[PDB]
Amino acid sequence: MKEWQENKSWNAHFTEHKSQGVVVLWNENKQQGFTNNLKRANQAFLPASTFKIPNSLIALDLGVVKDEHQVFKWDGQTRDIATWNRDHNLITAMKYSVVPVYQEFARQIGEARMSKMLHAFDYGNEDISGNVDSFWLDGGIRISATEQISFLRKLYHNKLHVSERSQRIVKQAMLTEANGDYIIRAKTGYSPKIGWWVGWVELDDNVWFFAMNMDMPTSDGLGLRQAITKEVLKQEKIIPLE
């Protein structure tokens, strides 16, 4: 069984920001879930660049990626995001959400192995058909915020059907923020109409998993994905007040 609690008080965080969406938290020690909206918590959306987490694991598991230091040379095509127009390793490809590096991984994996692996990870509901380098925003594939949490819990515990090394590498590449109070390992995601933030907050005595998604009519309020999540984390006393 899974314990869930609907906390509509968190709605004020989306409302004060003229936004709509869902924040889902999971308290690992207590085996208890929390969300502002249980309906939307279970609504499946395209993962967008949150798909960089399973893609990284699969690439590492198959040897497409040797380790976190291997260099993926820039193909020489000048794109709008300046940080993409250069060489990268797994750490920086993840940090700058370098889509062409990940399109190349997906093509090397191929749709037969990508499909088998996603079924092994029990990752959303997939229907890839001649779109290996775009299914994460096609889509192609859809995943809910509660399903993002089940997948992340497996990753955190090294329980996915890949080596412990591959899972450790991806968790290192997911490193977003750390200080004396907490460690955040996460992945942002954006594709027309939906923005995501998924990952976890490691504390000394507990791990709080999180998955949020929000309506993004334009690419304007990308900062709200982390800001809204942090407002919920602060309300719940998971992270300190700045």
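In case it trips you up, residue 1 is the first one in the sequence shown, and so on.
In none of the other PDB entries of this protein that model the residues around it does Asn11 lack coordinates, well short of a third. Of the other compared PDB entries of this protein that include residues on both sides, at least a third leave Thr218 without atoms.
Higher average CA B factor: 210 to 218, of the stretches 171 to 179 and 210 to 218. Mean CA B-factor, 198 to 206 versus 32 to 40: the higher value falls on 32 to 40. Note on the listed residues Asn158, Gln148, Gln108, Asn89: the highest Cα temperature factor in the record is that of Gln108. Looking at the C-alpha B-factors along this chain, the one for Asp127 belongs to the highest third. In the deposited entry, the Cα temperature factor of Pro54 sits in the bottom third of values across the chain's modelled residues. In the PDB entry, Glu104 places in the middle third of its chain by CA B-factor. Ranked by C-alpha B-factor against the other modelled residues of its chain, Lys187 falls in the lowest third.
Among all modelled residues in its chain, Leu25 ranks in the lowest third by Cα B-factor.
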